[PDB]
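To start, the structure under review is shown below, and the notes come after it.
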Amino acid sequence: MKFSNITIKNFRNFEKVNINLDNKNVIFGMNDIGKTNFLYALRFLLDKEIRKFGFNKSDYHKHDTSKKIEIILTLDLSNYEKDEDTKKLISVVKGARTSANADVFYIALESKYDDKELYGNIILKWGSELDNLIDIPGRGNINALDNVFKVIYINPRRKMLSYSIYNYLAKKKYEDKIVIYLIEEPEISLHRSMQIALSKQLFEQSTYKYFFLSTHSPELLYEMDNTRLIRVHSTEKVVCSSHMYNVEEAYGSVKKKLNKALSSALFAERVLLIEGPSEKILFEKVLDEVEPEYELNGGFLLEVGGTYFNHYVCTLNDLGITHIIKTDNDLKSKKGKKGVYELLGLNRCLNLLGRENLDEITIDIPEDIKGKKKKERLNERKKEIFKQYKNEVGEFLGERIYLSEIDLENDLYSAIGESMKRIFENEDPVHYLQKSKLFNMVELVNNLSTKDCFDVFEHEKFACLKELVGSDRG
Amino acid sequence: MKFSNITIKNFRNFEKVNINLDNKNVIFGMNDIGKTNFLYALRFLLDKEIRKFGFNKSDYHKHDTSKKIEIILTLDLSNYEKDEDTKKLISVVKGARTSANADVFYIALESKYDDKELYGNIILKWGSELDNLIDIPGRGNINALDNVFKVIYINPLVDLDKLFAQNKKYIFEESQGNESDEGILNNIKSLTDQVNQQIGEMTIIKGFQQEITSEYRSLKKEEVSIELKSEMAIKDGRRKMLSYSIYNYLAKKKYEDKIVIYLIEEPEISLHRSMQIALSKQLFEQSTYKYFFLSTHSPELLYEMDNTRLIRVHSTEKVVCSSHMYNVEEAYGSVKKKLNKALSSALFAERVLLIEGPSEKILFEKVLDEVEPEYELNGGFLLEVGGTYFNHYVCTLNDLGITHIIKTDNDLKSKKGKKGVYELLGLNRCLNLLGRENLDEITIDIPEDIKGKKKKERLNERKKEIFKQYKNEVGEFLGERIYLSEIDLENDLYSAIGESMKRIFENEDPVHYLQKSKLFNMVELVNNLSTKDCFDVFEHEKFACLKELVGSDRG
Amino acid sequence: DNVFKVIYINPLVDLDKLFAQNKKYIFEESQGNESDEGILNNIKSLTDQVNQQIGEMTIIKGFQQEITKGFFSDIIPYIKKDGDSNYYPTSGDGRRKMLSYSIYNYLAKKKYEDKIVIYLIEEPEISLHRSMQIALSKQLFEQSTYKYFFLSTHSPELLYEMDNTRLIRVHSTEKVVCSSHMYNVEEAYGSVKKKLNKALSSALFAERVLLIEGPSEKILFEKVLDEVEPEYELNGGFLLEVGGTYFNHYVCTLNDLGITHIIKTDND
Ligand SMILES: Nc1ncnc2c1ncn2[C@@H]1O[C@H](COP(=O)(O)OP(=O)(O)OP(=O)(O)O)[C@@H](O)[C@H]1O
Ligand SMILES: Nc1ncnc2c1ncn2[C@@H]1O[C@H](COP(=O)(O)OP(=O)(O)OP(=O)(O)O)[C@@H](O)[C@H]1O
Ligand SMILES: Nc1ncnc2c1ncn2[C@@H]1O[C@H](COP(=O)(O)OP(=O)(O)OP(=O)(O)O)[C@@H](O)[C@H]1O
Ligand SMILES: [Mg+2]
Ligand SMILES: [Mg+2]
């Protein structure tokens, strides 16, 4: 019914690895760390043609060859009389299972080196409890596990015909077996529109029930939903982190833009979360003039656009990717009511720690002038809010959340003050930059010389750039 | 020295193509369109190991052997005073140039099938004049192009072992070559050679060397001996990144007297995204790769592209290749990474809609989710341009044969230091797209007591008068797939679904409430939109850019 | 698999492949110290003066500046003739077969002493000389290297030394049928054993064998069959010179194998 857990106790790269699993799961990560030895742990368990050659000396960890290779797969059979695959498992296993535990199954692999004939023999056991596992019975070269599982391995248009021939043989010949697909790097020699078509076919259609997918491209994750993301870390000690990726029912109209933003940010190490494109213009100019290889070393700039920061921070925090948030404090006018304002940037910061939303404040504004002085009255109210809530702001500084006092433009005026007066030639350069944000920021960074980017980068209001680069002072 | 042109006639899927080139060329297109067979036309012309087997019957167009294959390459040689490669070419082809000031050169390939022996013979010819090409002289297996051109073919399917077996004798080429620069190390590289001599006196090898000879000499007592030797050395993504430095190191040491041409076929295979960005920075910024031809499917290899030539293979009626010289100007250089990151995904599309910001992306992505959700599968793309850079994207997409659609707004921008004057922004952008000049500024008499809300309807009435005044230019924009709004996107959306916009936002003015926060209230609008509202947006005559984007003939 | 080791030698041996596949048995033991550990320390010490100074006059150290033990895996056995010091990779198929036979004999005599070794040899006369076939026949049928073998052959020179041997002949009369015979040379034939073996080893590969008594019969019958039926030995005929005395041994050896024996003789 559902794969729950795999435990690789000893293999080539793995010293003690325990990964939570699901149906339809995708494994990614850096080069040269793992993740095809993850797929070889599933071929040595369930595919007969890889299992029949045994283990060599090089399949042990650091050529130590005095330890035991153990690969344990946990299956969840909680749903009875709803799926046919649970009856397909129980009609072959017979009674190795017990009616006290009629919900979990363990298929285990053990291997000890002989060290006289120089051969590692693979002994497979299955059972309902993790202690007292009995051996899988077999007659000749045929095991009892070969009647249950059929494993189809895909490794590369002729390749779309190679997909369709295997899909046709899987839907015509393999109705009585559980079919498990292992698709290893399908994006090679494939156009990106065909990658988006394969992603739609993988995650929406019901012809791929159980797949393990290894990939390097963000276009195969454009249509992802109800999946499990396994990330292998870049360290020399192999740590794998897994996340059950689901998109909620409230985010149904955002889901294409949400997946197309998040699927490129999954292949990084440090992700800076910003609001709009003018932040991307200013931060890409300052990071071009200060630290020009940041995409090479794992940095990323992610646009959110006002979807309450929860989905991205939960997905990046469950996978082990460092998330830095740069944001501004803004008040939002309510719907159909006059003179009341929601503290929207503070609430959007406060939902990340896990709190309640704050009560809305109100201020009385007369009919007067509303061109200029309403903005300084709202700026004085934002300064009073930022002076009031100092312990929660220091709690956000305990995390990587960086909330501005008013906006990005007032922090940019606090970083460089004479340069914005020289470029824009105005009594206030903040208000001219607030008129057209996508045009005047281009005019600012076109006239921005060197060492002004160093004054932006070394400022205390822009410590998120020093977090995104990752240079440590102490 | 510069590459200038190529002309391929009767080559497998190609019938007649004529493609301009440069030193750095990037080849892209669909699956099974001719990117491999374009790279083999430079292998058959310049590499001897592919040329020495000849042509089969299957290398001709539609398996028709009566027609002849001709591949002609053009070089520009006007940099003779500054380039060393031009002097590498001229010192071989000395007698065949036709004047003292001829800067053009032609390297040609002809072929004609023989039906009795079933063989396609390859005849190579060169000259400064295309009518008077002569045959390339040579003796034996070597002709005279082999002394000047070295072709390095880079494929990630090969491992490091097959290049490393050639590197076992290239270490001996290093120890003999470089005018004995390793002759300081050569007496103590024999010390490393005799490190491999007392590995022969462990007793597990010395027992084998005696017992194999004693087992062998029980047959006839032959005068043989059995010896053992290894000769190793030390140094799917780190093997490939090792082999890239191995090819760059061998190009720096061996081929200083030769012109090195790189043919890099699909270098995104089993590389990470950051390694693709690092390979793009090495290929387009460093001067190690002077000449390359590159085929790619990945947009991350074009994140650093500059001074390059983009070739796009497509199929409208025949297999036809479009070609564009990509340069970024000096005024655009402060935002060049954002330009290349936006444009490099839009190069791999068929119809590109150029929108302004992310609110248009939110509304158009939910409307295209409801109406035609496989628009990304067919070749549709939405490009955020910032409203500022319309010439660069339209020139790059128009020279490559990709249909560009622009949906924009009619904006007015306030000047600096002068009160009451305004600059037409969207009309100046859409008329600088057509080649016309910019327009004069216009002053609007607004008194100081009229502020806040009513200034926006006075500016909207002035935008209506400006859109009424230039009606023939707006009809010229509609002739060229340019869609200028009368005021904004939000007034066209109020023209489309404004009863539902009054229902959802609950106010009598839903245009002003969505423009109070353009990125927060857009999600609040589009979360409550039904299926009938999205079809009313899609079938509207103010939103014909979506109907041009999906490619259907409904409108 | 704890009792039987089966060594199969095909006609298309490759020395590289066999050596590589078996290199897990040899050269992969600890064996304590072997009284030469300071020589192995001198292997380790002379590798500490090569990894820090490989730059010549700073041409490849500067090329690496701009971007900033168990080596028995590729060992190749060669055959060296005496008087020459060069190592040619190209070698013929006569000695490349016999080095693979020596490697199989060394692995049988060292690694599989606890088991029962069965050889299955398909056609060992291929790319061997005549004297090498006679030397392989003497080593097969005299020495105790090959205690259990099953041999298939097409050459009479590998049967020049045969004794204490089950001979199996596969042939077709109505279906595929195999006829077997137990072959021993007796004590009375012990002085003339080589001449009967050199005579009978070519007559084992025939269908109809005429047993004649001398060379004048061979001259007259080869003239008559040269003028009448000149393709008689293409069709399975053979003329066997007995020597006058040996009618029991040839007739029982050819009659147990299904070969038709014809006798023409005199009244002496
Ligand atoms: N028995 C072993 N003991 C220790 N390390 C091992 C062992 N076997 C393999 N390794 C290490 O694991 C690596 C295997 O890399 P692998 O192919 O799993 O990486 P990858 O992430 O799939 O690569 P890529 O992204 O390039 O395709 C080897 O290069 C080696 O460093
Ligand atoms: N002799 C020929 N006559 C006509 N068409 C031919 C001939 N030889 C090849 N072709 C066509 O050229 C195609 C070769 O595709 P090719 O490998 O050049 O494309 P590609 O763009 O590199 O593909 P991919 O992206 O899948 O690598 C064949 O599929 C066929 O349609
Ligand atoms: N360049 C060379 N210089 C000197 N000797 C060489 C050279 N190349 C090969 N040889 C020698 O020539 C012989 C090559 O064996 P070759 O295959 O020519 O002989 P052969 O009589 O056909 O053998 P076989 O009976 O095994 O088929 C070896 O003795 C080898 O050492
Ligand atoms: Mg891999
Ligand atoms: Mg190809």
Calculated FRET value between C:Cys252 and C:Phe149, using beta carbons and R₀ = 35 Å, to 0.05:
0.90
For peptide B:354-366, the mean count of other chain Cβ atoms within 10 Å per residue Cβ is 3
How well do other chains shield peptide B:268-279, expressed as the mean number of their Cβ atoms within 10 Å of each residue Cβ?
6
Restricting to DSSP H runs of at least four residues, report the calculated mean residue ellipticity at 222 nm for chain A, -39500 (n - 2.57) per run over all residues, nearest 500 deg cm²/dmol.
-10000 deg cm²/dmol
For a quick check: sort B:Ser58, C:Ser100 by the number of other beta carbons within 10 angstrom, fewest at the front.
B:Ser58, C:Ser100
I'd like the GluC sites (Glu not before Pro) in region A:265-357 restricted to DSSP loop residues with at most 10 other Cβ atoms within 10 Å, sorted by number.
A:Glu356
Against the 2.2 N^0.38 Å scaling, with N counting residues, where does region A:15-169 land? I'd like the Cα-based Rg ratio to two decimal places.
1.17
Sequence-distant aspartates and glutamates (8 or more away, or on other chains) whose Cα lies within less than 17 Å of C:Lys115:
A:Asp114, A:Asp115, A:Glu117, C:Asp1
Can you say what percent of the DSSP beta bridges in the protein assembly as shown, counting only those with both residues inside, are antiparallel? Round to 5.
55
Output the relative contact order of region A:297-375, whole-number percent, from Cα pairs under 8 angstrom with separation of 6+ residues.
22
Order of B:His404, C:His249, C:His129 under a 10 Å beta carbon neighbour criterion, fewest first
C:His129, C:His249, B:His404
Cα-Cα over 21 Å: which of B:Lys48/B:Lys116; A:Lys16/B:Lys235; A:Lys52/A:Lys159; B:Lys407/B:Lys518?
B:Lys48/B:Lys116; A:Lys16/B:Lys235; A:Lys52/A:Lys159
Shape call for region A:88-180 from the C-alpha gyration tensor, a ≥ b ≥ c root eigenvalues: rounded (a/c under 1.5), prolate (a/b greater than b/c) or oblate?
oblate
Quick one: of A:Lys326/B:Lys413; A:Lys177/A:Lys256; A:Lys370/A:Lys435, which pairs are farther than 23 Å apart, Cα to Cα?
A:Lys326/B:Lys413; A:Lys177/A:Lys256
Rounded to two decimals, the Debye log10 I(q)/I(0) of the protein assembly as shown (Cα scatterers, no solvent) at q = 0.07 Å⁻¹ is -0.98
Using only the alpha carbons of region B:214-323, determine the length spanned along each of the three principal axes and report them from longest to shortest in whole angstroms.
75, 36, 33
What ranking of B:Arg458, B:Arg554 emerges when the number of other C-beta atoms within 10 Å of each C-beta is taken as an exposure proxy, fewest first?
B:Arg554, B:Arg458
Taking C:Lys218 as the anchor, which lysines have their alpha carbon closer than 29 Å to its alpha carbon, excluding any fewer than eight residues away along the same chain?
C:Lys193, C:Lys194, C:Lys195, C:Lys198, C:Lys264
Inter-chain shielding of A:215-222 (mean C-beta neighbours from other protein chains, 10 Å cut-off):
3
Once you order the gyration tensor axes a ≥ b ≥ c over the Cα atoms, which shape class does region B:366-455 get: rounded for a/c under 1.5, otherwise prolate or oblate by comparing a/b with b/c?
oblate
Show the residues, 5+ positions off or on another chain, whose built amide H is closer than 5 Å to the amide H of C:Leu211.
C:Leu240, C:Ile262, C:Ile263, C:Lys264
GluC sites (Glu not before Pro) within region B:456-491, DSSP loop, no more than 16 other Cβ atoms inside 10 Å
B:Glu480
Non-local residues with an amide H under 5 Å from the amide H of B:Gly380, with H modelled 1.01 Å from N and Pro and chain starts lacking one, are B:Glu350, B:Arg351
Antiparallel DSSP beta bridges within chain A, percent to nearest 5:
55
Check B:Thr403: other-chain or 5+ apart residues with amide H under 5 Å from its amide H, H built from backbone geometry?
B:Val352
For region B:298-371, which trypsin sites (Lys or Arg not before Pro) pass both filters: DSSP loop (anything but H, G, I, E, B) and at most 13 other C-beta atoms within 10 Å?
B:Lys318
Among bridges DSSP assigns within region A:185-313, what percent are antiparallel (round to 5)?
55
From phi via Karplus (6.51, -1.76, 1.60), per-residue ³J(HN,Hα) for region A:122-131 in Hz, x at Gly/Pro:
9, 10, 9, 10, 9, x, 7, 10, 6, 7
What's the FRET efficiency of A:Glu380 with B:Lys518 using the Cβ-Cβ distance as r and R₀ = 25 Å, to the nearest 0.05?
0.50
For region B:61-69, in order, what is each residue's ³J(HN,Hα) by Karplus, 6.51 cos²θ - 1.76 cosθ + 1.60 with θ = phi - 60°, in whole Hz (x at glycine and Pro)?
7, 6, 6, 10, 8, 6, 6, 10, 8
Using a Förster distance of 45 Å, how high is the FRET efficiency between A:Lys172 and C:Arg208, based on the Cβ-Cβ distance and rounded to 0.05?
0.15
Where labels lie 7 Å past Cα in the beta-carbon direction, separation of C:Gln52 and A:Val92 in nm
6.0
What shape does region A:271-422 take by its C-alpha gyration tensor, where a ≥ b ≥ c are the square roots of the eigenvalues and a/c under 1.5 counts as rounded, a/b above b/c as prolate, and the rest as oblate?
oblate
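Counting neighbours? That spans all protein chains shown, and the Cβs are built from the backbone with ideal geometry, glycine included. Read-outs: derived from the displayed coordinates by stated rules, not from any lab.
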